[PDB]
Amino acid sequence: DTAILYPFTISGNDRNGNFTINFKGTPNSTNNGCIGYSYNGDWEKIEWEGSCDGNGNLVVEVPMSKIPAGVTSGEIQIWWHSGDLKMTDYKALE
Ligand SMILES: OC[C@H]1O[C@@H](O[C@H]2[C@H](O)[C@@H](O)[C@H](O[C@H]3[C@H](O)[C@@H](O)[C@H](O)O[C@@H]3CO)O[C@@H]2CO)[C@H](O)[C@@H](O)[C@@H]1O
């Protein structure tokens with residue numbers, strides 16, 4: 001079914017560590033999606049995928065260095081979720 005989009009905001013200048021996204025979902029599910037943002041007038045996507053563990057938790061990490069400096073916002077997208085999946089929270093962490 002339908003893609004789920006979550007607007008995010010980050011530092012435009014701090015590129016230390018990892019964009020860290022926590023999802024809660026059906027235990028043992030498969031899921032995938034992206035982080036999407038505009039840079040230089042163009043839409044760019046960094047894909048993620050992962051399975052929820054036995055507790056229904058999924059942590060996705062994307063290194064910050066993959067996102068150009070000067071980008072401060074975009075969308076976390078869920079594309080495929082075998083069961084249920086929600087994004088509970090995100091931040092840049094080291
Ligand atoms: O095929 C993968 C999935 O694609 C989903 O569509 C998303 C596109 O992949 C994504 O590029 C597009 O991005 C938008 C963004 O949401 C918007 O704010 C910006 O203004 O423009 C971008 C488009 O250039 O978002 C869509 C989600 O709406 C499908 O919905 C999904 O079924 C499919 O698996």
Side-chain angles (χ1 to χ4, degrees):
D1 242 32
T2 306
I4 314 163
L5 328 177
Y6 304 83
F8 67 83
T9 300
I10 50 167
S11 172
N13 301 335
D14 190 338
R15 296 282 175 275
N16 273 228
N18 291 325
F19 198 106
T20 310
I21 308 162
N22 298 274
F23 300 93
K24 188 64 154 150
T26 308
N28 307 127
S29 55
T30 52
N31 311 271
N32 68 59
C34 71
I35 294 159
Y37 56 87
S38 296
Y39 180 62
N40 224 20
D42 300 330
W43 180 253
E44 306 201 315
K45 289 177 250 199
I46 302 159
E47 297 188 44
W48 61 263
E49 54 184 78
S51 292
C52 293
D53 66 19
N55 297 294
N57 299 308
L58 165 60
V59 181
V60 162
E61 287 170 273
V62 172
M64 294 296 286
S65 64
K66 291 192 186 295
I67 305 176
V71 172
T72 61
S73 68
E75 293 171 355
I76 299 163
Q77 310 194 349
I78 301 171
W79 289 346
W80 162 262
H81 49 100
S82 62
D84 294 315
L85 200 71
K86 65 191 190 196
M87 200 278 300
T88 64
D89 54 283
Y90 68 86
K91 77 287 281 139
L93 285 188
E94 203 167 10

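Throughout, residue positions are numbered sequentially from 1 according to the sequence presented.
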Decide ring-ring contact (aromatic ring centres under 6.0 Å, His included) for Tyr90 and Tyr6; before the verdict, give the C-alpha distance in whole Å, the side-chain angles of both, and the deciding distance to 0.1 Å.
CA-CA 10 Å; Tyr90 68 86; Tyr6 304 83; 9.1 Å; no

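- The CG atom of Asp1 sits 13.0 Å away from the CD1 atom of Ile78 when rounded to the nearest 0.5 Å.
- Linking ILVMFWY side-chain heavy atoms closer than 4.5 Å, directly or via other members, places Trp79 and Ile21 in two distinct hydrophobic clusters.
- Side-chain contact check for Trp48 versus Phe23: some heavy-atom pair is nearer than 4.5 Å.
- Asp53 places a side-chain N or O within 3.5 Å of a backbone atom of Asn55 that can act as its donor or acceptor partner.
- Hydrophobic clustering, with ILVMFWY side chains joined whenever heavy atoms are under 4.5 angstrom apart, groups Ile46 together with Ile4.
- If you take CH2 on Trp43 and CD on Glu75, they are separated by 4.0 Å, rounding to the nearest 0.5 Å.
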Could you walk me through whether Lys86 and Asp84 satisfy the salt bridge (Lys or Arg N to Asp or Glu O under 4.0 Å) test, starting with their C-alpha distance in whole Å, then the side-chain angles of each, then the deciding distance to 0.1 Å, before giving a yes or no?
CA-CA 7 Å; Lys86 65 191 190 196; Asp84 294 315; over 6 Å; no

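- In terms of heavy atoms, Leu85 sits closest to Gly25 at CD1-CA, 3.8 Å.
- When all heavy atoms of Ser51 and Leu58 are compared, the closest pair comes out as O-CD1, 3.5 Å.
- One distance of note links CD1 of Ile35 with CD of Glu47; it measures 11.0 Å at 0.5 Å rounding.
- Residues near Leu93 contribute nothing to a hydrophobic cluster around it, because no ILVMFWY side-chain heavy atom sits closer than 4.5 Å to its side chain.
- Summarising the geometry, atom NZ belonging to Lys24 is positioned 4.0 Å from atom CG belonging to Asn57; distances are rounded to the nearest 0.5 Å.
- Taking all atoms of both residues into account, the shortest heavy-atom contact from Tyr37 to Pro68 is OH-CD, 3.3 Å.
- The closest side-chain heavy-atom distance from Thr26 to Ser82 is not below 4.5 Å.
- In terms of modelled atom types and a separation under 3.5 Å, the side chain of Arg15 and the main chain of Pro63 share no donor-acceptor contact.
- Atom CG of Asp89 sits in a crowded spot, with more than 12 heavy atoms from other residues, nucleotides or ligands closer than 6.0 Å.
- How far CD of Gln77 is from CE of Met87: 12.0 Å, rounded to the nearest 0.5 Å.
- Counting heavy atoms from C-beta outward, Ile10 and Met64 have side chains that approach closer than 4.5 Å.
- The distance from the OG atom of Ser11 to the NZ atom of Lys91 is 15.5 Å, given to the nearest 0.5 Å.
- With no hydrogens or angles considered, a side-chain donor-acceptor pair links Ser29 and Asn31 at under 3.5 Å.
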